[PDB]
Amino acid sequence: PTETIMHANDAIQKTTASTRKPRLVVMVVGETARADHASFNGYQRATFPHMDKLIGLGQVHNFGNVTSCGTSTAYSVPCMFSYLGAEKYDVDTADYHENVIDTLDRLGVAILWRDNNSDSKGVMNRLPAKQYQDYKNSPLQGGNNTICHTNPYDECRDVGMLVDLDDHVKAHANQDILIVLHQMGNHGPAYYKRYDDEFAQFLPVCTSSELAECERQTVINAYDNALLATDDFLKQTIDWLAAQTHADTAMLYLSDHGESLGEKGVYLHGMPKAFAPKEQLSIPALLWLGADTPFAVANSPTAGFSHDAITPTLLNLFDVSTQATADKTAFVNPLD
């Protein structure tokens, strides 16, 4: 299949960081978190305490029940950054097409992908290897994450991706910056390993991978506790962005897919889109904008938001204009 498929040859940045205030966007790629257990979507438990207050104060925006493009990480993540909609996205040929990261990097946006999940799923392939940083392992063990030995499992935490993030920013202060943080999140089945002892408030907790043996409630507790860690992670992420004054900042959070928690005997995820439970397709979506933001929250099409809105949003966030995203539904309205 000699060479790559192009979508945004006509991609032109309407306003560059040299004529206006530079833009710094943090894209948090969530994992296995579902909107059904999001407290800001009507869940009885306070799974997102920090986010609930920011919503209750009107600091971040909740897009309610957003539909995921897939039910698995390997399927969803490449499609989240693809120009192809979920209706025409092909997971087997996703590496053949240029994505939004390719376009943004080409146009001159400093991209940095820090991963605490697995990998960019082929998204970061055409970009320099130094722009992808491993964070699922400690150094010694050839990683980068300095926050790993805070639990009996020595599992690296997502908050470790926020460490020394100022360095990459200071290296590209003259230009727009996009930082992608791939989150460990609520990866199962061992939800009890996904969080430190500080976020173990929903008790008792299923401390096993055999979710089918544990009572549904103990498994839900573990899942909800992992959400608390994510909520705190997002809180520290926003706090870091709030510290960046000389740049228009934005924090976009979306989970790659949902999760089944014993509903009709269905556990985990990965079930084919055609008949998959909607718990696997229901994801939370949050947007935070910095002080005096130039951007506006787009009106929700009722059909609802989806994963297809990510690529046009990212392009709108950097004033990139292409008929590859002429005007499809995005989270943020394009400027003039």
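In this text, residue numbers run from 1 along the sequence as written.
For the pair 121-129 and 90-98, the mean B factor over Cα atoms is greater in 90-98. Averaged over their C-alpha atoms, the temperature factors of 190-198 and 80-88 are higher for 80-88.
The entry lists C-alpha B-factors for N174, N144, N221, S208, and the highest of these is at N174. In the deposited coordinates, the residue among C69, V29, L268, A291 with the greatest CA B-factor is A291. In the PDB entry, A326 places in the highest third of its chain by CA B-factor.
Among the modelled residues of its chain, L254 has a C-alpha B-factor that falls in the lowest third, as given in the PDB entry. Sorting the modelled residues of the chain by their CA temperature factor places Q44 in the highest third. When the modelled residues of the chain are ordered by their C-alpha B factor, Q280 lands in the lowest third. Among the modelled residues of the chain, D115 sits in the lowest third by CA temperature factor in this PDB entry.
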